[PDB]
Each structure stands twice: as C-alpha cells, then as structure tokens.
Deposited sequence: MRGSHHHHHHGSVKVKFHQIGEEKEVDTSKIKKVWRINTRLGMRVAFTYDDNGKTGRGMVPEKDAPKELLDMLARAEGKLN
C-alpha cells in the first residue's frame, strides 16, 4: 500500500473503501471514499496522477 496525495492531503490506499472513475469538469479523476478516524471521507486525484496501487483497485472495482 502507498500514499495518495490529493488537494494537500495524504491518504494511505489501505484506508480507501470505494474507488471509481469520473469525468469531471476538471478532467478525468479517480474518486474514492476512505476511512478517516471512523468517518467516511471523499477524495479524488487526476487519473494521470494516481499511483499504480489506486489504479489496480479501480481496475478490480471495474471488473
């Protein structure tokens, strides 16, 4: 598992719950929910910018 940097916050992939792809007004993003001290947070990163580990989770979720 690796750290996901997003706008600047850092989330370990081990904390991520759901991952999905969205074409937003800002560009293609990989969106996700994650565990934040027992609450659920939402984040997103540019697809071009996502680590291999997050992109693998997306591929699994999409398969």
(message) Comparing the deposited sequence with the modelled residues, which stretches have no C-alpha coordinates?
(response) 1 to 11, 19 to 22, 79 to 81
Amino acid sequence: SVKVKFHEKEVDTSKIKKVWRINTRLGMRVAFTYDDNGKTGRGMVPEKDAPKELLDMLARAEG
From here on, numbers count along this sequence of modelled residues.
(message) Averaging CA B factors per stretch from the PDB record, which one is higher: 45 to 53 or 17 to 25?
(response) 45 to 53
